[PDB]
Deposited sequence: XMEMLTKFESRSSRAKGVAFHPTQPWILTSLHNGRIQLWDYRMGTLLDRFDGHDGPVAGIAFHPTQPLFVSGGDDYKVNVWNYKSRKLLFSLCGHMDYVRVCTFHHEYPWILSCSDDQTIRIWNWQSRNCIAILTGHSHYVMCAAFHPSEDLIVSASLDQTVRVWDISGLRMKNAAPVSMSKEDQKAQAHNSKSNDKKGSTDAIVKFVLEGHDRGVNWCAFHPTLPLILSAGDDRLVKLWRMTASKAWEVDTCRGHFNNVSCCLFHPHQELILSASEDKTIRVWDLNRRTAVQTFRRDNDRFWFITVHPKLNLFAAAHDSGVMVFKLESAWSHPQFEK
């Protein structure tokens, strides 16, 4: 395959990137604490947001509302409005670096995970933490909501990938439960479902396929593992072998039978979904890769590395959507 580079931002080290769903924009999160907003079609810096002390890693747009969320070294989960360019509020509760933060696709929730070994779910309309998911025994490097089921997947330096059942939390809103405040005691929602144990080093990333019942995980063992599941069980399918340093990030191509991964070995690698064979490698001479993302609808990719960010399309080699 070949990379058709649409945009590059040259900068100090970048840690995260987020596509806007409809505008030709990316947010970037930088090790220096700044968040950049770029129009990648024209190559224009639209805005820069300074709301963090120290590195920012988590960054994501809301899928339909004019908001984004950010998190990093200063422990706070910040909610911004990009139209008013305001930092609206900060959600506090994490006790260490926030690695990932995202919005749910339907419920008014933010998911965050942290070096404090927890995952938190927040209600961004009430501005309260509604669940703390404990059990990992080292940094939680990644967490993601499942796109259609009441599940979360998380990855940790404790060498495990966890799938959590959050159906109890979802059902709480509409339950016919009433409370007389004068009769309360002095003052379940999330349970771990699978503890996937296959990695023998720390795990840096995990991803759900947007439509198929598949999970990818990757980490310090240099491996990308593919898992499949039903409502009642999961299984390890295969491993993509070849990276020669820590794997930072991995994802599914939504519309082709391909897996992508990115690594401190200075490569982005494409693999066949059905056979796990190597399809194509792309390299940078001087830059480790920290993150990759795919646009949900367009076949457009972005990567964060030691010297900035790139936005690109992937095409079959020698082919001159």
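- Unmodelled regions (deposited sequence positions with no C-alpha coordinates, counted from 1) are 1, 189 to 200, 334 to 336, 338.
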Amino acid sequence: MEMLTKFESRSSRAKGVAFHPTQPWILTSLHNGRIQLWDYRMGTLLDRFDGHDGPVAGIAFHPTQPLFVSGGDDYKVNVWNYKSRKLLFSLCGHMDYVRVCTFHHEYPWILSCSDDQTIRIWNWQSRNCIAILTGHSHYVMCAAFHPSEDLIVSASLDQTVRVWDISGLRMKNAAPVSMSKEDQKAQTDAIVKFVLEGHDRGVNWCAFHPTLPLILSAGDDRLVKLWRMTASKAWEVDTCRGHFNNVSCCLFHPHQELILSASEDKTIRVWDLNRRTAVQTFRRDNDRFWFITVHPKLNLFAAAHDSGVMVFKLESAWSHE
From here on, numbers count along this sequence of modelled residues.
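- Stretches 249 to 257 and 54 to 62 differ in mean CA B factor, with 54 to 62 having the higher one.
- Taking only CA atoms, the mean B-factor in the PDB entry is higher for 121 to 129 than for the other of 121 to 129 and 202 to 210.
- Highest CA B-factor among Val195, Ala234, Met179, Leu111, as stated in the entry: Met179.
- For the set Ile215, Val161, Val98, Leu88, the PDB entry puts the maximum C-alpha B factor at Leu88.
- Per-chain ranking of the deposited C-alpha B factor places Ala155 in the lowest third.
- Among the modelled residues of its chain, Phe103 has a C-alpha B-factor that falls in the middle third according to the deposited record.
- Remark: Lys83 belongs to the highest third of its chain, ranked by C-alpha B-factor as recorded.
- In this PDB entry, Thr28 carries a Cα temperature factor that places it within the middle third of its chain's modelled residues.
- In the deposited entry, the Cα temperature factor of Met42 places it in the highest third of its chain's modelled residues.
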